[PDB]
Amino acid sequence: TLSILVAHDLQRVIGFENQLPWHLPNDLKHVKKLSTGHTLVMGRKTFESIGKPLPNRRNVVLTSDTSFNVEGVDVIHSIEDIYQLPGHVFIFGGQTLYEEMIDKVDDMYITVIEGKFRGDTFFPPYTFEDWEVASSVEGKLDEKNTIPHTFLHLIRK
């Protein structure tokens, strides 16, 4: 299964200056729950924004860099390589990889952040005309989670 896993705001912002623009522990838990024991695929820039692989799952980085080597990370050098990865594979970022993959994936796990943040990195436009809403669940507003947010699971029609 090939899925997108992303959090974006009302204008599809996903990042600003190598950071997540918002602080949402609930969404980090969501990522942990979905991707633990599976595979994350990310572009080089996305990986370097975290600096280390996430524990208890396969971490795959796409780069043209033939020297690229990080403990706990498996490297791939083309998009075609993604289709040979076994199991449930989640496309994890960033803008470039999402642009390359959005027309290819089976489904998308999207956290909609109900705010408007300053951004420099964007999720590509998409229409609900092409995507069925399998589930839509409101996140809990909290002491530690102060931005309204919704977990969507969208399946390609």
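Note that residue numbering follows the sequence shown and begins at 1.
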Checklist entry - For the stretches 5 to 13 and 140 to 148, which has the higher mean C-alpha B-factor as given in the deposited record? => result 140 to 148
Checklist entry - 110 to 118 versus 24 to 32: which one carries the higher mean Cα B factor per the record? => result 24 to 32
Checklist outcome for this item: Note to self: of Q95, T63, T127, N59, the C-alpha temperature factor tops out at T127
Item to check | CA B-factor placement of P53, once the chain's modelled residues are sorted into thirds | outcome: highest
Checklist entry - Can you tell me which third, lowest, middle or highest, the CA B-factor of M101 falls into for its chain? => result middle
Next on the checklist: Please say which third, lowest, middle or highest, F123 falls into when its CA temperature factor is compared across its chain.
Outcome noted: lowest
Checklist outcome for this item: Binned into thirds over the chain's modelled residues, the C-alpha B-factor of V70 lands in the highest
